[PDB]
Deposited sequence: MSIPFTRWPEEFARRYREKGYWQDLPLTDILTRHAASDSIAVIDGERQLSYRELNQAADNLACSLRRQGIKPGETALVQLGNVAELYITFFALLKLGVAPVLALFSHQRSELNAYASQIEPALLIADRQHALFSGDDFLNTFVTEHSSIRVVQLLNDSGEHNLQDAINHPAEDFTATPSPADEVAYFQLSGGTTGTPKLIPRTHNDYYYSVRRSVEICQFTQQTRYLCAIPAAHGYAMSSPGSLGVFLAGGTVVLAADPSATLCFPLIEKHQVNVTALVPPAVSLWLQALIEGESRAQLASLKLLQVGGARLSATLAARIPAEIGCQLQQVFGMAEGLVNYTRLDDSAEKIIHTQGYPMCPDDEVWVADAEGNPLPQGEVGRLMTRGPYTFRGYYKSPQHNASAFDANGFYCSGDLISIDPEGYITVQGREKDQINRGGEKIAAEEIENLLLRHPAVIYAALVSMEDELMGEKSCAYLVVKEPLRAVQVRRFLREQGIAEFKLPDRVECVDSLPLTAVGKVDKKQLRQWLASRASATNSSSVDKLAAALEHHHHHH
């Protein structure tokens, strides 16, 4: 599986400092293989570590019997269900590298992922609108003929994922890829018209999980609510569910971040940490204002907020109105995660996005032509380190743009750094809408819009929104009358996730040639 390696002097240093341990990610689970403490709670279901590891082995073995092999790829689409984790570990034990699509993703996104990775295996959920029947499956499996095996959650037919999980593995031995090779693919936010995949090696991903565990002080006492989409990296690894498993704690799954679902799960299971994006935080606080008892949240000790910038106003209200500590998390799937620390001053927790997890994360701020700027100045985030990738999968053209000559990645973010060394996020250069933490590549949607018979020119831009931070607005130059609902129905036909439909559509008599900077004025 081809990916961009670190230069040999970097690998060598990162091993010498102990960052790269050359253990597979399977070891996060197998170190607890003999434990009957609870690893996952999913509704009424409670899975121990012993059971979780046995389930992954059963699934792996079963897939192996069906002919799936090490070095192959898989496409997986599961939401906040225990079978996400079983599946992730089963594929790791086989040496098969998955993309974990979010439940919300639709035809265009799944098609794009499958086209790039040519998966031998598809795992999905009949609860998803695409997979309740067999029509789409038929089309999908025809247009991506690399697929040999299909397993489905909530199926009772011959493709029942549960039959595999429940089938005791006879004589199974795990064959994870080497630790310095690819374990799985993460998804980028998106800055371009086609999705970009981020190869993650065992060494590099395990380090980001293990170091996050130290910073967040997770142990067997950790009871972690995973309520945002579980397969996103913030939920998975910062420290996320994998950090919880590493530390032997418990992950409580919720279908979404609503107060209605989560206030009860927090009280019931005595959750002590969770992870939110800013709007979820406002909604929780407003739920408390509307009368939910604050006592349902007593057990909560740490709340992480990330994905988009938390305002200081909103941040301050957390210890006050909820009574736990805040941790700001400013991370990206490409690598680099900055944390405020548990012993930081209130000033740093409230006003900054923290600093890098690793002492050898190298972060500098560039001006427009690639030159360093002194501290305090606002500029482009440039970075490299032991868990930051060196290239998107099979994307030479785009890789040429995304990295400088020395291997620094440019995250498309504008930042400034404190005298004390802390990062504040000040704006953005990449052509991307951050809608309450979820990422929308404007060019992707603009390309889809131009496919409309009536649309001559298309621009997608973010607009301030109090709750969501940013909402999306499509500016169109049209041949003919065109209402928002027509655009939205059309896009939905193309098959994209709901969160990517424009919140707002305006037909305009003209647009500048599209010069978005000028449009903002």
Missing C-alpha runs, given along the deposited sequence, first residue counted as 1: 1-2, 516-520, 529-556
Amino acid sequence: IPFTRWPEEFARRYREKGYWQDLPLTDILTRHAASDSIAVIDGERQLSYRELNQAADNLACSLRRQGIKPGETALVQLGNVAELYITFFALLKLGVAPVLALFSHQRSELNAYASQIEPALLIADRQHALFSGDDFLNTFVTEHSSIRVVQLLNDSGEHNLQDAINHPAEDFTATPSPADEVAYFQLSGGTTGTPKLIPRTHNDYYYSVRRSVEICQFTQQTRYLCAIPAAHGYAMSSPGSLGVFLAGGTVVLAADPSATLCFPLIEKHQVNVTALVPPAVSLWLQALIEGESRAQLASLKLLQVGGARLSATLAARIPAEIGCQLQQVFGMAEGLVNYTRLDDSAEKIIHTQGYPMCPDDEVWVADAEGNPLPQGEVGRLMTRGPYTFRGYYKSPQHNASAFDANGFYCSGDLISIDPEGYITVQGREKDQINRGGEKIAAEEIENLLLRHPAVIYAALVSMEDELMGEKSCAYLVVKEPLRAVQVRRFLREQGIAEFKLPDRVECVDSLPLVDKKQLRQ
From here on, numbers count along this sequence of modelled residues.
Residue stretch of maximal mean CA temperature factor, 257-265 vs 415-423: 415-423
Entry-level comparison of average CA B-factors, 68-76 and 244-252, reporting the higher stretch: 68-76
Maximum C-alpha temperature factor, selected from 201, 353, 106, 132: 132
Top Cα B factor in the deposited entry, candidates 436, 233, 291, 195: 195
Position of residue 144 among the chain's modelled residues by C-alpha B-factor, lowest, middle or highest third: lowest
Within-chain third of residue 213 by Cα B-factor, per the entry: lowest
Relative C-alpha B-factor of residue 467, binned into the chain's lowest, middle or highest third: highest
Residue 370, C-alpha B-factor rank within chain (lowest, middle or highest third): highest
Third assignment of residue 25 from its chain's C-alpha B-factors: lowest
